[PDB]
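S.K.: below is the sequence, then the experimental coordinates.
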Amino acid sequence: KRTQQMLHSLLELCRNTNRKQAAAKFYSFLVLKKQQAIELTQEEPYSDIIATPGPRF
Amino acid sequence: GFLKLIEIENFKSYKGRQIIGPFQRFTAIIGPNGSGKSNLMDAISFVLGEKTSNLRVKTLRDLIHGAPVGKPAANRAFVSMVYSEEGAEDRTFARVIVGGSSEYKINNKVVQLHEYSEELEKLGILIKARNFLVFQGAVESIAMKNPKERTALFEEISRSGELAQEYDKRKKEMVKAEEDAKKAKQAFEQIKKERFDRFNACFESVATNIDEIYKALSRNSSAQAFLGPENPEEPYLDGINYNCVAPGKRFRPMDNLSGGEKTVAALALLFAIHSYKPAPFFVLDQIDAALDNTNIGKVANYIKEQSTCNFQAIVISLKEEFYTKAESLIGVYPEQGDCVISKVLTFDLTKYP
Amino acid sequence: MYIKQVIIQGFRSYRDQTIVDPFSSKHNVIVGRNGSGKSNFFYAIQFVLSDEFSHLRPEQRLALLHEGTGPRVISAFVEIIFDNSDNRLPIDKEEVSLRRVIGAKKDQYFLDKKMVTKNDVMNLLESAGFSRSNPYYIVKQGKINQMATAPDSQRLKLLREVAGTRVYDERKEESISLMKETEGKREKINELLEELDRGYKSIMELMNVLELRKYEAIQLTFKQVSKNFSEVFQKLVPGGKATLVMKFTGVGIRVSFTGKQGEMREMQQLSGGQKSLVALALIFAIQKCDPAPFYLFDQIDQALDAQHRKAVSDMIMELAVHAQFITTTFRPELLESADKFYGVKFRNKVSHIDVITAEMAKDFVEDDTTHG
Ligand SMILES: Nc1ncnc2c1ncn2[C@@H]1O[C@H](COP(=O)(O)OP(=O)(O)OP(=O)(O)O)[C@@H](O)[C@H]1O
Ligand SMILES: Nc1ncnc2c1ncn2[C@@H]1O[C@H](COP(=O)(O)OP(=O)(O)OP(=O)(O)O)[C@@H](O)[C@H]1O
């Protein structure tokens, strides 16, 4: 899965591309934590969210 | 007006006092299945005075975090929203509940039902409007039923349907008055015009609008919308037929109509009922439901250059070519615990090239 | 059974013949523009092997003609060729063929180009293992959701008439109906006081022995569709533990997967992230418990996201060994698990059939190449 592929931050992931693949990668990044695979949380309104591979990687 | 900040307390997959915002003109959101994304729309609908009788709740006790399993996080849970617009009124609304009792708040004060109405239609939305409130499969729902129910729902939106249950009982007995009376007849066209000038006024408006709406969705000349009334003097007594001629077809009835186009017709009808007393903000979920990628780009462009005048838009989508071009990609993500919880994080596609 | 190929002539959107590559062994995909004609193919199949589109008054069946680029065609042809690799057909025929011509009034049939009429084709269809009474596995558009938003009542009727005992609850309550208002007759005679009293006992005894096998026959499929449902759902979801429960009485659907904390709720009070799973799971429960000659799916991937596609495609790629599954897709993840790929285009008011290759499927429908 492309979500598992990214195991190999996210702004640098989604920088040099159009909204298409940038947003696809961001969406998969958000999805893969559905069962706590990474750790991430945004308390501030609008800025970066940092996550690293965790329990299932 | 533009919406900025939203505060939630103790709803489905919503544990914590999270404040959410700000927002923009056309904000899109995407996430995993069952990520509480539809619960955002549930909160938006509830904070604006929902019926609270059709939201998976018995009366008020199943609308709490883990409520219909027997483990509510508390007996109280509430939303507050920040509405900012012209007139320098950056006000806030709030819907709170304790036990089986509910309470309204306008800028943190006690508010009852009819006062909420007199301040709500001030915003331009009727107590029985519910016009723009979308569902996960709303665009797959309105088309299937017979036209009579569409007539009923399109007549109840103009403060008219609340007296049909007494107008219907008028006619069949007045024949006896005809058989022998005239005072009642001379007063009987009063309710007749109370129906006509109240319903047909918006009826003709939406009938005119649907044409350019379907065009803006498709820009196909042969693709034309037609809300054909039957017996226009008493149209709501029967069904009102619809004909959404696709670009490659002709005028065809609703019987042998292809399913894959009912989504576009339903969206056009949504924007048509929008044309009648529009709401300053839009909610959309699962726009890539049954509409293939062919028309998804046209639809997405139609909204994101259609909602730049007075009303903003909130949308959920899945197909790639949509978020190839949108301007905001906010997200909500789940997390485990004693039950399901969700947390809000914000990226905007405007920064994405 | 084992579908080989189809031929369509002027059915709804195909004014031309449809000689293409024969359909593959296990599963194939259909891709194309919205309104291209993919669904029309499935109504063509349903029409050629079910009467639900051929039992109405002879007005709409004329609209069941093709009216795309010209006037109404007085005659249209539909036929399906199979391959009796399993000796399913009672008649010793290597290549099973069914055919119907629709006209102004003619709707007769041809088995292997043999003249056959209405009753003498349904008799063989019933000997061929098909459920006319409830059209299983020809689930049409919007099915996965129509069973979903609605209460226990329609799921009760769905299960109980895919079993199929409609006459039974049409007459059991009618027998019950007269026993209600006639209680005064007994009591008036009871006030007067004779054989009818033991007759009332006889009524209860005969009704009970009548109901003995009816509900038993339901349990002759209820427990089967229940036990595999948990098994198939556990196969779909590594934590999956969805079950059915019994209570005339109602039933209950319940779901449990990967949560283990509080996620034991009924899907009626659940959002749309599981309704399609419950649907597909019950169809696959019928799959395993009650095998069918083939399986036909429409828009079974309308609501959920690609996470569900991964698991469902992984499961289907292995379940294909049971029988042939046919569906329509718009995304490549589940398209990648098909033996062959097929597509539908639309030119000059007429559909166009063409077997699409892998190199053409995984690029045209992924990148938006729309126009108009
Ligand atoms: N019966 C219920 N009782 C309590 N909470 C519920 C119940 N049903 C659903 N929920 C809550 O609602 C959430 C549903 O998620 P969400 O709102 O994202 O779904 P959806 O958008 O309708 O689904 P889809 O992924 O098909 O678009 C669950 O995770 C849970 O927190
Ligand atoms: N009475 C009719 N006569 C001729 N063509 C018709 C008639 N009714 C519908 N059609 C055609 O059927 C087509 C439906 O094609 P299709 O099977 O692809 O359905 P869809 O659900 O709209 O599309 P998709 O499966 O791509 O999502 C329509 O585009 C229309 O041109």
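M.R.: Received, thanks. Numbers count the residues shown, from 1 in each chain, chains lettered A, B, ... in the order given. Ligands and ions are numbered 1, 2, ... in the order given.

S.K.: only C-alpha atoms from now on, for both contacts and neighbour counts.
M.R.: OK.

S.K.: count the residues that sit near residue C:214.
M.R.: Look at residue C:214: counted by other CA atoms under 10 Å in any protein chain shown, it has 14 neighbours.

S.K.: hang on, it is in a helix, isn't it?
M.R.: Yes - judged by DSSP: H, G, I helix; E, B strand; the rest coil, residue C:214 forms part of a helix.

S.K.: what sits against it?
M.R.: By CA atoms under 8 Å, 6 or more residues apart in numbering or on different chains, residue C:214 lies in contact with C:165, C:168.

S.K.: check the gap between it and chain B for me.
M.R.: Remark: distance between residue C:214 and chain B (CA to the nearest CA, to the nearest Å) = 34 Å.

S.K.: go on, residue C:300?
M.R.: For residue C:300, the distance to chain B - CA to the nearest CA - is 11 Å.

S.K.: contacting residues for the closest residue to that residue other than its chain neighbours?
M.R.: Leaving aside its sequence neighbours, residue C:300 sits nearest to residue C:144 (CA to CA, 6 or more residues apart in numbering or on different chains; 6.6 Å). By CA under 8 Å, 6+ apart, the contact list for residue C:144 reads C:275-276, C:279-280, C:300.

S.K.: hmm, try it at 10 Å
M.R.: Contact partners of residue C:144, counting by CA atoms under 10 Å, 6 or more residues apart in numbering or on different chains, are C:275-280, C:298-303.

S.K.: could you do residue C:192 as well?
M.R.: residue C:186.

S.K.: repeat that for residue C:227.
M.R.: Neighbouring residues of residue C:227 by CA under 10 Å, 6+ apart: C:242-244, C:285, C:289.

S.K.: among these, which are in strands?
M.R.: C:243-244 (DSSP state E).

S.K.: let me have the contacts of residue C:227 in a markdown table, extended by distance to residue C:260 and neighbour count.
M.R.: Supplementary listing: those in a markdown table, determined by distance: CA to CA, whole Å; neighbours: other CA atoms under 10 Å in any protein chain shown:
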| residue | distance to residue C:260 | neighbour count |
| --- | --- | --- |
| C:242 | 12 | 23 |
| C:243 | 15 | 18 |
| C:244 | 18 | 16 |
| C:285 | 23 | 22 |
| C:289 | 28 | 17 |
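
S.K.: reformat the contacts of residue C:227 as JSON lines; add distance to chain B.
M.R.: Listed next are these as JSON lines, based on distance: CA to the nearest CA, whole Å:
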{"residue": "C:242", "distance to chain B": "16"}
{"residue": "C:243", "distance to chain B": "17"}
{"residue": "C:244", "distance to chain B": "18"}
{"residue": "C:285", "distance to chain B": "23"}
{"residue": "C:289", "distance to chain B": "29"}
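
S.K.: tell me which of the contacts of residue C:227 is nearest to chain A?
M.R.: Comparing the contacts of residue C:227 against chain A with CA to the nearest CA picks out residue C:242 as the nearest, at 18.8 Å.

S.K.: which residues touch the closest residue to that closest one other than its chain neighbours?
M.R.: Nearest residue to residue C:242, sequence neighbours excluded (CA to CA, 6+ apart): residue C:255, at 3.8 Å. Residue C:255 makes contacts with C:230, C:233, C:240-244, C:263-267, C:270, C:274, C:278, as judged by CA under 10 Å, 6+ apart.

S.K.: need the distance between the two termini of stretch C:290-306.
M.R.: Distance between the two ends of stretch C:290-306: 29 Å, counting by CA to CA, to the nearest Å.
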